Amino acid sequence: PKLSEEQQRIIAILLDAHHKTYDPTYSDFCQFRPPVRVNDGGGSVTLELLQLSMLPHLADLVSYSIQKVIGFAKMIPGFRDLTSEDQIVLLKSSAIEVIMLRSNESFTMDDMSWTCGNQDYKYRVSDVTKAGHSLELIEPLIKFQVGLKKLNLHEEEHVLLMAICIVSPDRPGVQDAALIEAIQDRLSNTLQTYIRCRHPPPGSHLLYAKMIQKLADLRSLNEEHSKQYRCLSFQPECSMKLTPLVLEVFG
């Protein structure tokens, strides 16, 4: 097969959008409220909810990340042709899934952590539980990160996957499903063609089907995250540890 001029333009736009919305040096992380790691009885749920020591830092990180996702989405070919109602629905419903995809670049299989520079910005299972989450979310999240890392995606495939994730016509509340489907089909066809033309074997074997499966896995992680966020919101005064953007997107 062959990538058309339009498909190559779409790829060039998305790579550029990524380069403009992802900092591989994590230079802004020092501006977030500082990470706090204290004694909590070996990860006791009770003391983790009493302290929520990692919540202001990780809420700042997710809020920064939603801002970058918004910036990326604005550059997706066709996204600005949608109504403001469809843009909000797509952005709110995909935000945590795109964050999970984005975070894979800093994820390392050496020690199963997200290494964003200094050991202060090295995140593990323990840090997520220190923000109030339980193993029902962080165990399959780690499983997803490893699974995605083993795909060894080209940057072109990585940007196309995040773009396909955002522009999903099957999100609850979407009005113009037909226009969203036409945008995603253009992106999905660009991806299938890219894999056939540029991805060499063995890595290319059933890669499109594996990428689509990661999108289904992301929906299940989104529902679990949404359940965990509701339980965290029952904790008195925890909203003051969040941000207006995080409260709007997840509330």
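All residue numbers refer to positions in the sequence shown, first residue = 1.
K.L.:
Which wins on mean Cα temperature factor, 190-198 or 40-48?
P.N.:
Per the PDB entry, the higher value belongs to 40-48.
K.L.:
Comparing 15-23 with 236-244, which stretch shows the greater average C-alpha B-factor in the deposited entry?
P.N.:
The stretch with the larger average C-alpha B-factor is 236-244.
K.L.:
Which listed residue, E97, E157, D176, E105, has the largest C-alpha temperature factor in the record?
P.N.:
Of the candidates given, the C-alpha B-factor peaks at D176.
K.L.:
From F72, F144, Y121, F79, can you pick the one with the highest C-alpha B factor in the entry?
P.N.:
Spelled out: the listed residue with the top C-alpha B-factor is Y121.
K.L.:
Among the chain's modelled residues, which third holds the C-alpha B-factor of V128?
P.N.:
For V128, the deposited C-alpha B-factor lands in the middle third.
K.L.:
Within this chain's modelled residues, let me know which third the CA B factor of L215 belongs to: lowest, middle or highest.
P.N.:
It falls in the middle third of the chain.
K.L.:
State the tercile, meaning the lowest, middle or highest third, of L161 with respect to the CA B-factors recorded for its chain.
P.N.:
Lowest third, going by the recorded CA B-factors of the chain.
K.L.:
Looking at the C-alpha B-factor of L151, is it in the lowest, middle or highest third of its chain?
P.N.:
Its C-alpha B-factor, which the entry lists for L151, ranks in the middle third among residues of this chain.
K.L.:
Taking the chain's C-alpha temperature factors as the reference, tell me which third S204 falls into: lowest, middle or highest.
P.N.:
Within its chain, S204 is a highest-third residue by C-alpha B-factor, going by the deposited values.
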